[PDB]
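Inspection log for the structure reproduced underneath, given as structure tokens.
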Amino acid sequence: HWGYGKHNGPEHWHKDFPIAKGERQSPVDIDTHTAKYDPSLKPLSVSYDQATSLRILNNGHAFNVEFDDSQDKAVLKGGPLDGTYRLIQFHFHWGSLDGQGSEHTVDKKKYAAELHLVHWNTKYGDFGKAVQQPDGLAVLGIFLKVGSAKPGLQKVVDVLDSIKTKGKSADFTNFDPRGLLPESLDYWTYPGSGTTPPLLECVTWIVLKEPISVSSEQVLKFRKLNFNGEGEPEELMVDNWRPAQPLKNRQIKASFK
Ligand SMILES: Oc1cccccc1=S
Ligand SMILES: [Zn+2]
């Protein structure tokens, strides 16, 4: 099955998931000089005051912080979006080294990691239906650079010992995702896809310009997680990122000059 290794990594995924070579795949390089400022783009509305986190899961490819999405509690709207998108989970992609790990790049620059806050369009009722629609998901992408610690990340880092291996979960209530956001909500936006199989082309990407800083110790702890199950040979969960894919017939828009 798919993964991030030599024999089952991103260069292989097209054999089981032919959409890997499609017309609106993600991630992409964000060429900041080529992105066009769109003064009609609205400010992003991030409404996380009532977010209800539930659980954290190691799925064998990343860890997901899951939310109660059975009511409009943590929603994204505005920006390039029409309508209301509910937060279902967040996750990260990260490197073996601080010089790599992000999926999106900025003028070819790679960040140490990238946080994806996954939201689904409430006009489609559930996440599973939404992923079959070209406007089904909105993913807020935030870059991580190594420097000062992010205090609001530390509760995540502290639980990772309890979900070291594939299939482990832990209760993870009362986590406030507002503590992972940078100051500015200036963004880039384009149409694309999930970055893991099944690579469905259902995502409006919203990539914040301003990274967050995390400490070297925080991202070190991400790198101690395992892709394997308990009792299987240890394979560190590192370099779980897809490289940039061809832009094809797409324009990246900027909310800012
Ligand atoms: O990595 C992902 C995993 C699962 C669902 C939706 C979006 C992304 S980027
Ligand atoms: Zn992702």
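Residues: numbered from 1 along the sequence shown. Numbering of ligands and ligand atoms starts at 1, following listing order.
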**OP:** Report the relative orientation of the aromatic rings in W2 and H61; use parallel for angles under 30°, tilted for 30 to 60°, perpendicular for over 60°.
**Re:**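 The rings of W2 and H61 sit tilted, inter-plane angle from 30° to 60°.
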**OP:** Using modelled atom types only, decide if a donor and an acceptor are shared between the side chain of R223 and the backbone of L236 within a distance under 3.5 Å.
**Re:**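 Here the side-chain-to-backbone pair does not exist.
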Original post:
Should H61 be listed as contacting ligand 1, given a heavy-atom distance under 4.0 Å as the test?
Top reply: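 Per 4.0 Å heavy-atom rule, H61 does not contact ligand 1.
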Note the single closest protein heavy atom to [atom], along with its residue, its atom name and the distance in Å.
atom: atom 5 (C) of ligand 1; value: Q89 NE2, 4.1 Å
atom: atom 3 (C) of ligand 1; value: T196 OG1, 3.3 Å
atom: atom 1 (O) of ligand 1; value: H91 NE2, 3.0 Å
atom: atom 7 (C) of ligand 1; value: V118 CG2, 4.0 Å

**OP:** Return the name of the atom in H116, of element N, O or S, nearest to the Zn ion (ligand 2).
**Re:**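 Output for this pair reads ND1.
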Does atom [atom1] of [X] have more than 12 heavy-atom neighbours, drawn from other residues, nucleotides or ligands, at distances under 6.0 Å?
X: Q251; atom1: CD; value: no
X: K110; atom1: NZ; value: no
X: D158; atom1: CG; value: yes

Would you mind running through ligand 1 and noting each atom that sits below 4.0 Å from a heavy atom of [X]?
X: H116; result: 9 (S)
X: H93; result: 1 (O)
X: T195; result: 1 (O), 9 (S)

Subject >> Pair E235, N228: side-chain N/O donor-acceptor within cut-off below 3.5 Å >> reply: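 Not at all, the side chains of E235 and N228 share no donor-acceptor pair under 3.5 Å.
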Original post:
If you group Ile, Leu, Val, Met, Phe, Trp and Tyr by side-chain heavy-atom gaps below 4.5 Å, do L144 and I56 land in one group?
Top reply: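 Yes; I56 is reachable from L144 via cluster members.
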